[PDB]
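Notes follow once the structure below has been shown.
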Amino acid sequence: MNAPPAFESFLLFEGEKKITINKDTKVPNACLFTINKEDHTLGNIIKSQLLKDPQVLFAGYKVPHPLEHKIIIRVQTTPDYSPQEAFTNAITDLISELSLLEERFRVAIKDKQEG
Amino acid sequence: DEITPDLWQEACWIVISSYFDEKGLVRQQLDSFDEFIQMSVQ
Amino acid sequence: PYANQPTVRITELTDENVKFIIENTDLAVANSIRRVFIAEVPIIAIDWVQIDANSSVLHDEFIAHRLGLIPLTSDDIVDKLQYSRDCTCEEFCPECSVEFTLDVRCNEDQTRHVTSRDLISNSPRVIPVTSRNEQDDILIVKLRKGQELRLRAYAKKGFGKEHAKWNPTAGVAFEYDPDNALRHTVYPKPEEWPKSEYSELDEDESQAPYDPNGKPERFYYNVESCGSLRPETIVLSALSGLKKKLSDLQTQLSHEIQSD
Amino acid sequence: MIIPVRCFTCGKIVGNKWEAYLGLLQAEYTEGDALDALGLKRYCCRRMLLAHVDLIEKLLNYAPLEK
Amino acid sequence: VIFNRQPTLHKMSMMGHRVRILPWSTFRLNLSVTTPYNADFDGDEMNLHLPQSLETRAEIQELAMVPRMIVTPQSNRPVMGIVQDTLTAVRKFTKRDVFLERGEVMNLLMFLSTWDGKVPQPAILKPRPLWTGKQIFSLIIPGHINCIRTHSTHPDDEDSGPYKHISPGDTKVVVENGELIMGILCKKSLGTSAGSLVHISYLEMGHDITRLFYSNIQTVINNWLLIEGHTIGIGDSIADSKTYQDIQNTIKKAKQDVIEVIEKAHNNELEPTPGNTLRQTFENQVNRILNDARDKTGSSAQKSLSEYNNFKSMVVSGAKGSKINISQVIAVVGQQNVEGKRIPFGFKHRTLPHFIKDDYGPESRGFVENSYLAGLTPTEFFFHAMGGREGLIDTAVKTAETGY
Amino acid sequence: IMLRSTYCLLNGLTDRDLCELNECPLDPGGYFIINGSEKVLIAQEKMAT
Amino acid sequence: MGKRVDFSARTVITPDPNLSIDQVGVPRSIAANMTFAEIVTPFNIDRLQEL
Amino acid sequence: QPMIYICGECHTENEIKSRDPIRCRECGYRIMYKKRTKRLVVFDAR
Amino acid sequence: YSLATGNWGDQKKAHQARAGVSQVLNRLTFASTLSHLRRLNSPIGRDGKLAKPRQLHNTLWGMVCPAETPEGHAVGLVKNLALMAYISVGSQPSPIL
Amino acid sequence: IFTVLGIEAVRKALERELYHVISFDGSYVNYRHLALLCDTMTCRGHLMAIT
Amino acid sequence: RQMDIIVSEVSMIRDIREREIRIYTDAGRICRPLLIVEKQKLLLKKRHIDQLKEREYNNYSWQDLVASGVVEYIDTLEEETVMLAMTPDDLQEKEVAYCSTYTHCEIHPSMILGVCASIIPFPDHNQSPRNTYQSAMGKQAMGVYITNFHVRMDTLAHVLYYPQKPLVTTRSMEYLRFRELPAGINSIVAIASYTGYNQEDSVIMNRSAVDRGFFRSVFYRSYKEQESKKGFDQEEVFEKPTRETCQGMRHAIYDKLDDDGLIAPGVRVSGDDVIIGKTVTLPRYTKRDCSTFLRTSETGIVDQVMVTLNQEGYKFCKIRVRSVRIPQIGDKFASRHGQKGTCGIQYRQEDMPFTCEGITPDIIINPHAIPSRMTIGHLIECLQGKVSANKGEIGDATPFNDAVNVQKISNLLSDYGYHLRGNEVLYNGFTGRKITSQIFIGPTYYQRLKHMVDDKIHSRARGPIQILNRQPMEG
RNA sequence: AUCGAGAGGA
Ligand SMILES: [Mg+2]
Ligand SMILES: [Zn+2]
Ligand SMILES: [Zn+2]
Ligand SMILES: [Zn+2]
């Protein structure tokens, strides 16, 4: 009667975009990234990778409502840096981490199966 | 001869089982209706 | 400001599970990998049923739900198949789904077990795990003499985020800091708690001395496979899918920075 | 009414273990030892086999609608 | 919309809400606004009325909206406060030894709607930067309100001696310029009573700011409780063997004193007190032996509790339960009464066929000397069922006559 | 006729025989079928005579 | 003194920590079946024409 | 057009037109069941 | 008629007749069916607000369940047999006399 | 009290007794509500029962 | 006691102080069986238990136990003259003898409970109102109400997909046949505060478990109809209506019906659809539509269609429609301890908290439901169920059993590598961090109750009105 | 459809 399709949590509706960037006028050099059809899986890793950047002053995320399927990520950086640049570098670092982890897991399987 | 305490806790339940093997749970309904048909109508 | 250099150490590898340790990574990365094991590793599962005849004692949705939960070998085929969202065909085609037939009738007196072995596929690579060449076959329904079940299923690509039938795992054990050194748990009575299998403490000592400067490193995983994929294939798919989500997010991010 | 396919909790397949479980039980295994023989570690899967009531066996005592 | 729950007892049983469309097929309510409706989520249903004109919409917006309904004219005090999980968790959060890491603090600041975007200076900068729970609740607290309260565990002899303004137990809530300077928040500070932080927020700040205050407490504290967690199990119903054996010694006093009194009455050694017959004096004297026993065993169980105990955690926060519940779960369930008296002789001079005739002892007349963890004996079970039936009858019979 | 009573056709039937009439062997009986609707008589308290 | 009314709905209530105190979470089905008569103006002509 | 029914007693295939009293012609049983339709109902195995 | 409607009495005296006898059997779950078949009823009248007939009397021990009772307007008026409780069917006194 | 002392005495005493009933369980009600009830109950020179 | 001229149900009360001997043979006397006691000794010896053990061979039954003078039915009025031993341990010579002149003994005190209260595990560890509320709610729990449900055309019926017998049971359920037609599922319950969606008597369910069939049910609804030929003035008939002859035809399509006017089994039917096409001859000419529609907003599948003749003998049709009910937010669930609550939210397996071995709870209930309610039986059942699942048992939760207390269960649980009190370290599903509090988790028998939100949700905006007063209808 | 009855829910 009122059950949303299970694909709604991860599929995107037409005309609604994956990520939206919004100044935060609160404080300088802060942005809100509203990411649609993602959840804690990406929000947590992006936030923690951003917390590794010493030029990031604030990094946080929230799922505003569990029944809704978007996350907000707030990023504040130092004035010489940009929250968009910080977000990009965090994603790049996560990708490189996962590529390295994948290659090393392949090697570890390789070794386990043959010795 | 005597049921000792160590056996009691299944002696008793054995007894209870026998009761429900004989009577059931709706024995009052069936007995009442049976008495009504065998006696009360006549 | 840059990526971790995680290392991996696989401590057990069977056909049933993989037990490994990731070391020098963040807890968020470890938990996202754990979550992707369960929710974003695609496999093949029956997601469309057509009951042509069902005289069994289980109604049609019961049979359909039961068929959806049978694991299908998805090892090399899942990467090749498309989502039916992405396929340019009609309802079905061999590029986005796999056909199954089942047609059983109990003639003898004596109860017929319609099992996953009766699910006949058009694709030899995608078959029920129990049917793969020990463990018995998954029981779909028991039929009495005169009862009959004839149906036609289609199996599609999906992941556990849509339905648990596309979840390839049969339990993902995840642990870190087996000795409570970070004190992320606070035992009222630490002596009463059993030791972790990964604990490295003498029996007199209940938990490790508190580490003020530590964080979570060295996460222990035991990924058990339901059968559709190998456990190492589950882990490799999980890493690829998590990565590759991050790549899509990056692409959209670049467009959205561009457009401003 | 019939053995579930997956464990409700973890998703381990238990639908191929009911018949083997019963065979082990008539072979004079204890329920725990039988569950150990089938590889059900976790008390969720042990719950699935140990608490199952095979009602389908009773539903098959009725003649079907068509001969 | 107007949102209503029956029975509509007072004006807070119908309040104005703004609609938020959400997926599934239930009416989804905030948890602070459950107390005004007397609503819980065990199958309760509620009614939504949609005003059909701008006239009525403005009327409900300006008169009946929930933030305008925070303080009731019935008892000049808030009608909604902080409730179960948020209250247990804010009690645990504002303890003196709650230290938050940088990432945890940022995670909690994501859930503050009224946040100026400035991360406060941590209370501890070295060897590690650590924020305190009071430091974050200070950000939750609105405006510049000032408030003095006392935590429920505040000792009564602390305000006299030294350490009045530096409390060893972190009781004596002091909020000053909108910062929680000190103290553990609880029902006395965030509940529905008069002079609490929510009341003072409504009086000093408006209803909008107080609405945001409620929402912010709930969101921040719930997302912190995701880290802290709260539970209850068997371990919270256990006491140490010292305590058990103290309680058994107390009960065996109490029975053996009641036997003392029973012989005095049997030998006519007992004289009435003024204003009562000899029966009624004996009954008083036994009931006051057994209430002393129940109170003493309850005290023993209370003092046995740790500050990891979750029963205690929910009782200090005022979220749920009372000390008498802890006593009944751990120490002794106590005397079962029917119509304000001990169990009556429903048989011939007997409460049950398992007792001798004319047995006024504690067992016979419905004293449950066991706890709920120990388990009741069959006679205790029946007498307890009798007392509980009295409660059920009262609940089911008072309604018609109060409603009339 | 009350079901499973002495004058019921299900009286003395085995679990076979009940299933083979499309009856549940675990059905206790004790009720009437009036116009296809299963009716149960509730025992009524009264003050002894 | 009391009567049945149109434009009313009833259903089971559920917790939602992520609503403000003045919010009520409502289903699509109730909201799709309940309506509000909004007057047309040049201020709202376009929006109401989509609806 | 035929609208064949099944007997509740003897499980016999048998055709019955409208305005005909319902009675199986094997065994005279009074209760009959319709056959499963021949349209195509689809189930998502969920 | 009387078993179909539950109005216990002549159909003409449909208001002097006492309803609630002969209820529709609860077939929700097996426990509901068993309990409904072991249900007792105290015709004091739900309107009555005297608690005395609703109290759990000491003499219900072993005869009536101390717990199973509706929590609404009939609390303690609708009762249930204890498991080994058996209601006597009646007998002839002539052998005893 | 009304018969012996009069309408204002019974107004006061009725306030007192209602306050005793309300506050015995530790509860509190704003005095203006009790005052309004007791004034409705005595404004016509006799004891007006709420019936 | 010899089964002589006096039959067993005859009550014989001697009032001694007043010199009456009152003998009762009439009907309606509630009585119960009790073990007779000799000087201080049960008449029930081991020979009786031995013969009872082979009850299926030597046809030594209860009724021989009664005939042996070992058991006696005692009515309420004769209990006033009886001195009962609660257990044979009361007969045992003590340092201070309480009675020393007992006449009867309880077979077992747990027989004071009825059918629904005999389901409760550890009812003597709960507040009594909780036991009453469960005794009420066990009658709304879904299960398999009867084995031959496939042939019954009940107006309403709920059948659970996967009923389970409780892991923690009482010895009375062996006679209630609860093991054979159970009405619930053993769920991995964690009592925790997780996201706030279980506050105030609400539960958080595992979406993945629900996907695997957890507490899934099927709802069967039967529709009657009969075509009446009461007189030549007007006659009804089942037949696919037509737009040209029928007058009161709704705009709903009648294509799902067959020639005979009856829908076929296996046809998916949505709200307001037609399942029986019935037309009544008039005095849009010479026949008016009186078809049977589905009860609105149901959306099931026609399970089966039966046709027969009623008593007077016109056509009579019964159509059973089948609707799968998957648990969702707002569905009511209950344990066996009065702990009821609706589903507040459903999280997937990766969102739920997990143990070191990746066990997620099926249900999460709020700890604030325990303290005021004092349902310690819930906690003891959870702990016993953890022991039973780890041991391969069924736990014994019979009410008054001194061979089972919390300590001995905890000692058993500590032997399986678990914290003895049933607590476990859980990890946050969203972040993977350990929860600072160790959560109490284990198997507990839960019940899905008939009260589903989809049968309760209702809305109105200018619908039908009552004839007398032009006000909205009722219901 | 109306009336009544009963069983339930909060
Ligand atoms: Mg409620
Ligand atoms: Zn395709
Ligand atoms: Zn499992
Ligand atoms: Zn036939």
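Labeling convention for the structure tokens: chains A, B, ... as they appear, residues from 1 per chain, ligands from 1 in order of appearance.
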Check which residues fall inside 7 Å of ligand 4 when counting only C-alpha atoms (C1' of nucleotides) and all ligand atoms, and print them as a list in words.
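For ligand 4, the residues inside 7 Å are residues 7, 8, 9, 10, 11, 12, 24, 25, 26, 27, 28 and 29 of chain H.
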Export N, CA and C atoms of the chosen residues as a PDB file, in the first residue's frame?
ATOM      1  N   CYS H   7     -14.701 -32.081  -8.879  1.00  0.00           N
ATOM      2  CA  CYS H   7     -15.494 -32.554  -7.760  1.00  0.00           C
ATOM      3  C   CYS H   7     -14.686 -32.512  -6.471  1.00  0.00           C
ATOM      4  N   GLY H   8     -15.337 -32.086  -5.387  1.00  0.00           N
ATOM      5  CA  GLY H   8     -14.692 -32.083  -4.088  1.00  0.00           C
ATOM      6  C   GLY H   8     -14.485 -33.463  -3.499  1.00  0.00           C
ATOM      7  N   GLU H   9     -15.323 -34.429  -3.872  1.00  0.00           N
ATOM      8  CA  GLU H   9     -15.244 -35.810  -3.406  1.00  0.00           C
ATOM      9  C   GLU H   9     -14.354 -36.671  -4.285  1.00  0.00           C
ATOM     10  N   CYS H  10     -14.682 -36.758  -5.576  1.00  0.00           N
ATOM     11  CA  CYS H  10     -14.068 -37.704  -6.497  1.00  0.00           C
ATOM     12  C   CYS H  10     -13.061 -37.061  -7.439  1.00  0.00           C
ATOM     13  N   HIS H  11     -12.915 -35.738  -7.409  1.00  0.00           N
ATOM     14  CA  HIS H  11     -11.842 -35.054  -8.128  1.00  0.00           C
ATOM     15  C   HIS H  11     -11.958 -35.268  -9.638  1.00  0.00           C
ATOM     16  N   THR H  12     -13.192 -35.287 -10.140  1.00  0.00           N
ATOM     17  CA  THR H  12     -13.493 -35.634 -11.525  1.00  0.00           C
ATOM     18  C   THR H  12     -13.710 -34.400 -12.380  1.00  0.00           C
ATOM     19  N   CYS H  24     -22.003 -33.614  -9.274  1.00  0.00           N
ATOM     20  CA  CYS H  24     -20.971 -34.358  -9.998  1.00  0.00           C
ATOM     21  C   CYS H  24     -21.518 -35.665 -10.546  1.00  0.00           C
ATOM     22  N   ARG H  25     -21.066 -36.059 -11.752  1.00  0.00           N
ATOM     23  CA  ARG H  25     -21.771 -37.156 -12.404  1.00  0.00           C
ATOM     24  C   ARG H  25     -21.037 -38.493 -12.470  1.00  0.00           C
ATOM     25  N   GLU H  26     -19.799 -38.573 -11.998  1.00  0.00           N
ATOM     26  CA  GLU H  26     -19.471 -39.634 -11.039  1.00  0.00           C
ATOM     27  C   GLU H  26     -20.365 -39.835  -9.839  1.00  0.00           C
ATOM     28  N   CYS H  27     -20.358 -38.953  -8.872  1.00  0.00           N
ATOM     29  CA  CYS H  27     -20.739 -39.376  -7.536  1.00  0.00           C
ATOM     30  C   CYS H  27     -21.839 -38.527  -6.936  1.00  0.00           C
ATOM     31  N   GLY H  28     -22.351 -37.540  -7.659  1.00  0.00           N
ATOM     32  CA  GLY H  28     -23.440 -36.750  -7.151  1.00  0.00           C
ATOM     33  C   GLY H  28     -23.052 -35.755  -6.089  1.00  0.00           C
ATOM     34  N   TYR H  29     -21.758 -35.571  -5.840  1.00  0.00           N
ATOM     35  CA  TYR H  29     -21.323 -34.634  -4.816  1.00  0.00           C
ATOM     36  C   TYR H  29     -21.721 -33.214  -5.194  1.00  0.00           C
TER      37      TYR H  29
END
Please check which protein, DNA or RNA residues sit within 12 Å of ligand 2, counting only C-alpha atoms (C1' of nucleotides) and all ligand atoms, and write them as an NGL selection string.
:C and (80-99 or 154-157)
Kindly export the residues of the current selection with N, CA and C atoms, as a JSON list (two decimals), in the first residue's frame.
[["chain", "number", "residue", "atom", "x", "y", "z"],
["C", 80, "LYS", "N", 29.28, -10.29, -16.22],
["C", 80, "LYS", "CA", 28.99, -10.17, -17.63],
["C", 80, "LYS", "C", 27.56, -9.69, -17.84],
["C", 81, "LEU", "N", 26.63, -10.21, -17.05],
["C", 81, "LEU", "CA", 25.23, -9.86, -17.22],
["C", 81, "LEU", "C", 25.00, -8.41, -16.87],
["C", 82, "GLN", "N", 23.97, -7.84, -17.47],
["C", 82, "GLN", "CA", 23.55, -6.48, -17.21],
["C", 82, "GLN", "C", 22.36, -6.48, -16.26],
["C", 83, "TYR", "N", 22.14, -5.34, -15.62],
["C", 83, "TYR", "CA", 20.87, -5.12, -14.96],
["C", 83, "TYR", "C", 19.80, -4.91, -16.02],
["C", 84, "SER", "N", 18.60, -5.43, -15.76],
["C", 84, "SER", "CA", 17.51, -5.25, -16.71],
["C", 84, "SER", "C", 17.13, -3.78, -16.86],
["C", 85, "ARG", "N", 17.49, -2.95, -15.89],
["C", 85, "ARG", "CA", 17.38, -1.51, -16.09],
["C", 85, "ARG", "C", 18.25, -1.07, -17.26],
["C", 86, "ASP", "N", 19.47, -1.59, -17.33],
["C", 86, "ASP", "CA", 20.44, -1.15, -18.32],
["C", 86, "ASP", "C", 20.31, -1.88, -19.65],
["C", 87, "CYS", "N", 19.62, -3.01, -19.68],
["C", 87, "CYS", "CA", 19.54, -3.78, -20.91],
["C", 87, "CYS", "C", 18.54, -3.14, -21.86],
["C", 88, "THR", "N", 18.92, -3.08, -23.14],
["C", 88, "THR", "CA", 18.11, -2.44, -24.16],
["C", 88, "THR", "C", 17.09, -3.38, -24.79],
["C", 89, "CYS", "N", 16.83, -4.52, -24.16],
["C", 89, "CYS", "CA", 15.91, -5.52, -24.67],
["C", 89, "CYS", "C", 14.51, -5.29, -24.11],
["C", 90, "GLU", "N", 13.63, -6.26, -24.35],
["C", 90, "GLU", "CA", 12.29, -6.30, -23.77],
["C", 90, "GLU", "C", 12.41, -6.74, -22.32],
["C", 91, "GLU", "N", 11.33, -7.26, -21.74],
["C", 91, "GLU", "CA", 11.36, -7.78, -20.38],
["C", 91, "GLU", "C", 12.60, -8.62, -20.09],
["C", 92, "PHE", "N", 12.98, -9.53, -20.99],
["C", 92, "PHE", "CA", 14.11, -10.43, -20.74],
["C", 92, "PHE", "C", 14.94, -10.64, -22.00],
["C", 93, "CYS", "N", 16.18, -11.05, -21.77],
["C", 93, "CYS", "CA", 17.06, -11.56, -22.81],
["C", 93, "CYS", "C", 18.23, -12.25, -22.12],
["C", 94, "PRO", "N", 19.01, -13.05, -22.86],
["C", 94, "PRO", "CA", 20.14, -13.74, -22.24],
["C", 94, "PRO", "C", 21.26, -12.82, -21.76],
["C", 95, "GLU", "N", 21.25, -11.54, -22.13],
["C", 95, "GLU", "CA", 22.29, -10.63, -21.68],
["C", 95, "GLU", "C", 22.01, -10.05, -20.30],
["C", 96, "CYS", "N", 20.79, -10.19, -19.79],
["C", 96, "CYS", "CA", 20.41, -9.61, -18.51],
["C", 96, "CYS", "C", 19.71, -10.59, -17.59],
["C", 97, "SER", "N", 19.48, -11.83, -18.00],
["C", 97, "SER", "CA", 18.80, -12.74, -17.10],
["C", 97, "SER", "C", 19.15, -14.17, -17.49],
["C", 98, "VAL", "N", 18.72, -15.10, -16.65],
["C", 98, "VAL", "CA", 18.93, -16.53, -16.87],
["C", 98, "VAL", "C", 17.59, -17.23, -16.70],
["C", 99, "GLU", "N", 17.24, -18.09, -17.66],
["C", 99, "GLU", "CA", 16.01, -18.86, -17.60],
["C", 99, "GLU", "C", 16.17, -20.08, -16.70],
["C", 154, "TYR", "N", 12.92, -16.59, -14.00],
["C", 154, "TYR", "CA", 14.02, -15.82, -14.55],
["C", 154, "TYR", "C", 14.80, -15.23, -13.38],
["C", 155, "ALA", "N", 16.12, -15.41, -13.43],
["C", 155, "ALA", "CA", 17.04, -14.92, -12.43],
["C", 155, "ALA", "C", 17.79, -13.72, -12.97],
["C", 156, "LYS", "N", 17.97, -12.71, -12.12],
["C", 156, "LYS", "CA", 18.52, -11.45, -12.57],
["C", 156, "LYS", "C", 19.63, -11.02, -11.63],
["C", 157, "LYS", "N", 20.27, -9.92, -11.99],
["C", 157, "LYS", "CA", 21.40, -9.38, -11.25],
["C", 157, "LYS", "C", 20.88, -8.34, -10.27]]
Could I get the residue neighbourhood of ligand 1 at 10 Å, counting only C-alpha atoms (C1' of nucleotides) and all ligand atoms, as an MDAnalysis selection string?
(chainID E and resid 38:45) or (chainID G and resid 13) or (chainID K and resid 200:201 340:341) or (chainID L and resid 9:10)
Distance filter 6 Å around ligand 3, atoms: only C-alpha atoms (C1' of nucleotides) and all ligand atoms, out as number ranges by chain:
D: 7, 9-12, 42, 44-45
I need the chosen residues saved as a PDB file, in the first residue's frame, with N, CA and C atoms.
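What follows is the written file again.pdb:
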ATOM      1  N   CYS D   7      18.671 -19.046   6.778  1.00  0.00           N
ATOM      2  CA  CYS D   7      18.532 -18.556   8.136  1.00  0.00           C
ATOM      3  C   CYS D   7      18.041 -17.117   8.090  1.00  0.00           C
ATOM      4  N   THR D   9      18.457 -14.790  10.151  1.00  0.00           N
ATOM      5  CA  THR D   9      19.414 -13.825  10.674  1.00  0.00           C
ATOM      6  C   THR D   9      20.575 -13.597   9.714  1.00  0.00           C
ATOM      7  N   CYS D  10      21.348 -14.638   9.428  1.00  0.00           N
ATOM      8  CA  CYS D  10      22.572 -14.479   8.654  1.00  0.00           C
ATOM      9  C   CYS D  10      22.376 -14.725   7.172  1.00  0.00           C
ATOM     10  N   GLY D  11      21.377 -15.512   6.800  1.00  0.00           N
ATOM     11  CA  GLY D  11      21.183 -15.889   5.420  1.00  0.00           C
ATOM     12  C   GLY D  11      21.874 -17.163   5.006  1.00  0.00           C
ATOM     13  N   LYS D  12      22.389 -17.938   5.953  1.00  0.00           N
ATOM     14  CA  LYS D  12      22.943 -19.242   5.635  1.00  0.00           C
ATOM     15  C   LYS D  12      21.835 -20.173   5.171  1.00  0.00           C
ATOM     16  N   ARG D  42      26.342 -21.103  14.507  1.00  0.00           N
ATOM     17  CA  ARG D  42      25.739 -19.923  15.086  1.00  0.00           C
ATOM     18  C   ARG D  42      24.384 -20.287  15.632  1.00  0.00           C
ATOM     19  N   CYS D  44      21.760 -18.782  15.678  1.00  0.00           N
ATOM     20  CA  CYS D  44      20.648 -18.445  14.793  1.00  0.00           C
ATOM     21  C   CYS D  44      20.290 -19.613  13.871  1.00  0.00           C
ATOM     22  N   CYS D  45      21.285 -20.252  13.267  1.00  0.00           N
ATOM     23  CA  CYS D  45      20.985 -21.364  12.371  1.00  0.00           C
ATOM     24  C   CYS D  45      20.560 -22.597  13.154  1.00  0.00           C
TER      25      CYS D  45
END
May I ask for the distance between CA of residue 298 (chain K) and CA of residue 43 (chain H), given in Å to one decimal place?
17.0 Å
May I ask for the distance between CA of residue 28 (chain A) and CA of residue 76 (chain A), given in Å to one decimal place?
7.8 Å
All residues 9 Å or closer to region 141-155 of chain E, only C-alpha atoms (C1' of nucleotides), same chain fewer than 6 positions away omitted, as number ranges by chain:
E: 114, 169-180, 183-189, 195-197, 200-201, 204-205, 209-210, 212-213, 216-217, 316-318
